[PDB]
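Take a look at the structure below.
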Amino acid sequence: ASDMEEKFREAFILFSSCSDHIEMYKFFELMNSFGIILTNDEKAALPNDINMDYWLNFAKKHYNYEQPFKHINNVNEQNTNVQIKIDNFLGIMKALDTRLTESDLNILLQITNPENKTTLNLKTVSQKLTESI
Amino acid sequence: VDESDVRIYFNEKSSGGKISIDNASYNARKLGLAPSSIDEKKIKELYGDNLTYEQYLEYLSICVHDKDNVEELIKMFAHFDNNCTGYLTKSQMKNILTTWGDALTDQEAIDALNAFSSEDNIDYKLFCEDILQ
Amino acid sequence: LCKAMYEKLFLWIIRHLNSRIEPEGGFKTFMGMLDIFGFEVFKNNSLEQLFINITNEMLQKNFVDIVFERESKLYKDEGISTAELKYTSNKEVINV
Amino acid sequence: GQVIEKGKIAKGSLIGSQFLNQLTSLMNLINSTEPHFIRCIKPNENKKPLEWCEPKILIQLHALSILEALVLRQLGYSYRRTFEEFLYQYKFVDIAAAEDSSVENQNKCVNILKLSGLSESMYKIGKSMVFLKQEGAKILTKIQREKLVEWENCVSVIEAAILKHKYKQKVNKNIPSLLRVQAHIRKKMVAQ
Amino acid sequence: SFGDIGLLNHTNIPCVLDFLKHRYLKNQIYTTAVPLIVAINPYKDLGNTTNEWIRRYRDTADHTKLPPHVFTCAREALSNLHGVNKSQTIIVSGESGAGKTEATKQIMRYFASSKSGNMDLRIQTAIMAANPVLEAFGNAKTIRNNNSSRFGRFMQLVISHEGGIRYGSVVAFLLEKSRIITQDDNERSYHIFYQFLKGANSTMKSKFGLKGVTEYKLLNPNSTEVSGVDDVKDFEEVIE
Ligand SMILES: Nc1ncnc2c1ncn2[C@@H]1O[C@H](COP(=O)(O)OP(=O)(O)O)[C@@H](O)[C@H]1O
Ligand code: VO4
Ligand SMILES: [Mg+2]
């Protein structure tokens, strides 16, 4: 799995279920899975049929190698600095219309805060997730 | 198991009496045994890189894998058969075998796929059945 | 018999629709929409026309209440504006 | 589930009585929500485009209380809601002072409003509610709509980084079963 | 130059009539008077209702730059439904033929449009296909309006924060029972009766033994035709 090239591959296979062509919405899942974000202007600026080849080029063309999960840290220098209580933080999650179920969010908690602390901050979620890849 | 073949296959690829794990796999695959990286890493922690005939026999016993069958080996292929036909394309099958574990190379996988059947659409069950013989 | 067969059939299609489109465990935060029959005056008006014009007057009574009567009391109770809202209500015609 | 009734018609079976009670129930259902009004005007009876008939329109200007809705300018405040409904809508502006244990809800509002640059003129914090001027509410929703976007992608990034881990963990279980396919293929390559 | 009626210096009866006169005739029917919104019936499609406009109000950031419309309201209603998590209600008010039923459809079409294409539109399919059936079965031609609603329609809809209807509940009340049996002159019965006795296939014309639109006692034989209405083409759309 060495560098990113072989790690982007493993991902495409999964999100398409080893399909030559991936689903449009599943490609949006796939880009999110590497800390890549787009505007409606760039979102419309995407092909009809999406293959593996394009994805690899796209990943190189996008994915910030310095900070992969910058969009987690982008929530200014007060919210990222302050700790959010486990339950109150999940309130924000469910409110922002999350797709993750009870188990999925528990899985996430088991990855983010594995010491089972009374509270959790954002700069920590990103740091764990960069070591997750 | 053939006692005559074991002694013959050892002497054929031995160096200064001892044998390298790499030769011991080739010799196991000559008998009809399938040693994997898990079988290799177990024998390596014990007697280093080079092993004598006695240490070599205890290696061939791990290569046996009696619990092996079609239903046991298809588990990864079945995880990717969402259409529920019992069939995967040669393209689909090749990527599975290249990405994870004892990562076979593209042409190692491609040739092994054609050696089974000329057809693109391959039944993973009949395939395991064939390669296990 | 013809009246009841048509009305129950029209409402059976509504039930068949609601059987497939309704959420299990009801609604939590839903979006209401109200399309009624608007004020209609002909040369000859009957009970049909009476029930329609009643609906319109009802929708108005609740409009005037929410938009004016309630807002006037809200601003006053919060301690913002003691000022009165001047408006015409159907209070009398709705009661008759 | 229709009541098979025989003899004299009951008060609950009478069309008008059955109509008013259905209407009555519907109105309360609407009173419990936050209504929005669309006031449609029919300009002429001839059913013709670009044809203005001042009488017919004027009656409708009264009957929909369009001219009467003008006195609502006197109020001067566009946004008006309790501390709770406000603080849930505008928590993203600064979750920090938003979920403060020491600071009270009346004062949390003040902080997040002043955080968004607003001055004591654009708002007037009432008895149980927070009021904002049309000018004031524009500022707050502009800042909130930049921050909603910040967390909208922030969540969607976490969403998939776990959805990825889902497919990953469900694949790791099949991996030893696959290693055996890969060891039996090498075995077959030795024979040929 | 401006959308809100309350921005005039003199807000007297004629001054408001003229402000609305010049807006309607220059084909700008929607005029605010916050919280109220005035929609004058243009009687011709201005194209301001099409998908292009839906997408505008949907994906446009500043609400200030956008002109008054049924979609301005549809977005601000959905902005509170998810913003504060409070149930909201839309109310189309006006006389017979003011544009209530049509405006409902436009605001329904707005909620039908989703930003991200990853939704189960199977539920949203039946929801939208119900309306041309509800107008065939519940709406009839009158002297006031040719698509006059003889029934009261009420909906409850769970809409996504990006768009698209997840679930719904169409609750119809008070159907004009008399319209089925007797109809006045130049006034027509429920559209579906005329639609079925014009657009039915040769198989249903023999199995049910269907006769001409004039041959029925429950149907006004002289009012049978409606201007600009093809009950055959409407029936095709009704069946699907
Ligand atoms: N925005 C509009 N553009 C064009 N015609 C319209 C518009 N709104 C309404 N109409 C016309 O008015 C007629 C009646 O509208 P409708 O919504 O059914 O009113 P109501 O609920 O009062 O019966 C429609 O059939 C249509 O021809
Ligand atoms: O307003 V209506 O014409 O639907 O009665
Ligand atoms: Mg109508």
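Protein chains in written order, with the deposited numbering: chain A, 2 to 134; chain B, 72 to 204; chain C, 435 to 530; chain D, 627 to 818; chain E, 98 to 337.
Built from N, CA and C at the ideal position, the CB exists for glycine as well.
Just so you know, the alpha carbons of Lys115 (chain B) and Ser189 (chain B) end up roughly 39 Å apart. Contact note: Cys199 (chain B) reaches chain D through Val807, using a C-beta cutoff of 7 Å and chain order. For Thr222 (chain E), there is no enclosing beta strand (DSSP E); the residue is found in the alpha helix (DSSP H) stretching over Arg219 to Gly235. If you draw a straight line from the Cα of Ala200 (chain E) to the Cα of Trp150 (chain E), it comes to about 14 Å.
In the three-state reduction of the DSSP assignment, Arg247 (chain E) falls in the coil class. Taking 8 Å as the cut-off, the C-beta of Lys510 (chain C) does not count as close to any heavy atom of ligand 2. For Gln280 (chain E), the CB contacts under 6 Å within the same chain, skipping 5 residues up- and downstream, are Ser286 and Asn317 in chain order. The stretch 151-167 of chain B and the stretch 127-139 of chain B do not touch, with fewer than three beta-carbon pairs separated by less than 8 Å.
Close partners of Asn524 (chain C) in chain E (Cβ separation under 7 Å) are lacking, with about 13 Å as the shortest Cβ gap. Proximity of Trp678 (chain D) to chain A, defined by a Cβ-Cβ separation below 9 Å, is not satisfied. Neighbours of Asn177 (chain E) across chain D, judged by C-beta separation under 7 Å: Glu660. By the rule of a C-beta closer than 5 Å to any heavy atom of ligand 3, the residues picked out are E:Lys197, E:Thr198 and E:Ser246.
Note on geometry: alpha-carbon atoms of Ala96 (chain A) and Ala95 (chain B) lie some 60 Å from one another.
Within chain B, the residues whose beta carbon sits less than 7 Å from that of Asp21 (chain A) are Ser162, listed in sequence order. In this structure, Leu15 (chain A) sits away from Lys799 (chain D), with a CB-CB distance that is not shorter than 9 Å. Within the DSSP bridge table, the entry for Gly466 (chain C) names E:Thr186 and E:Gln253 as partners.
Interface with chain E (9 Å Cβ-Cβ cutoff): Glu776 (chain D) is excluded.
Note on geometry: alpha-carbon atoms of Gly265 (chain E) and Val498 (chain C) lie some 28 Å from one another. Looking at the DSSP output, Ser86 (chain B) shares a beta bridge with B:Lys89. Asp194 (chain B) carries a strand assignment under DSSP once its states are collapsed to helix, strand and coil. Rounded to whole angstroms, the separation of the alpha carbons of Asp54 (chain A) and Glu179 (chain B) is 21 Å. The closest heavy atom of ligand 2 lies 8 Å or more from the beta carbon of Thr650 (chain D).
Of all residues in the stretch 39-57 of chain A, none places a beta-carbon less than 8 Å from a beta-carbon of chain D. Neighbourhood of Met492 (chain C) in chain D, by CB distance below 7 Å: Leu649 and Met653, in chain order.
One Cα belongs to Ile448 (chain C), the other to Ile126 (chain E), and the distance between them is close to 33 Å.
Chain-order list of chain E residues neighbouring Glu474 (chain C): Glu192, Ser193, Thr239, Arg241 and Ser245, by C-beta distance under 8 Å. In the DSSP assignment, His22 (chain A) forms a beta bridge with A:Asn52.
Residues of chain D with a Cβ closer than 8 Å to the Cβ of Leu519 (chain C) are, in chain order, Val697, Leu698 and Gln700. Of the residues A:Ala2, A:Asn114, A:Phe9 and A:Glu43, the one whose Cα lies closest to the Cα of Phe35 (chain A) is A:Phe9. When C-beta distances to chain D are compared with 9 Å, the residues of the stretch 493-505 of chain C below that value are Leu493, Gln494, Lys495, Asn496, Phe497, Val498, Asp499, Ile500, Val501, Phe502 and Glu505, in chain order. Between the stretch 699-709 of chain D and the stretch 522-529 of chain C, the count of Cβ pairs shorter than 8 Å is below three; the stretches do not touch.
Residues of the stretch 161-187 of chain E whose Cβ lies closer than 9 Å to any Cβ of chain D, in chain order: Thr161, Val167, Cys170, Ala171, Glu173, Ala174, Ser176, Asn177, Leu178, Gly180, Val181, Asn182, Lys183, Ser184, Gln185, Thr186 and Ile187. For the stretch 90-106 of chain B, residues whose beta-carbon sits nearer than 9 Å to a beta-carbon of chain D comprise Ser96, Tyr97, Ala99, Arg100, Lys101, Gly103, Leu104, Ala105 and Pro106. Scanning its chain for C-beta atoms nearer than 8 Å, with the 5 sequence neighbours on each side dropped, one finds around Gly103 (chain E) the residues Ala130 and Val131, in chain order. Put simply, the CB of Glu456 (chain C) is far from chain D, with every gap to its CB atoms at 9 Å or more.
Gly265 (chain E): not part of any alpha helix (DSSP H); member of the beta strand (DSSP E) spanning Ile262 to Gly265, first to last residue.
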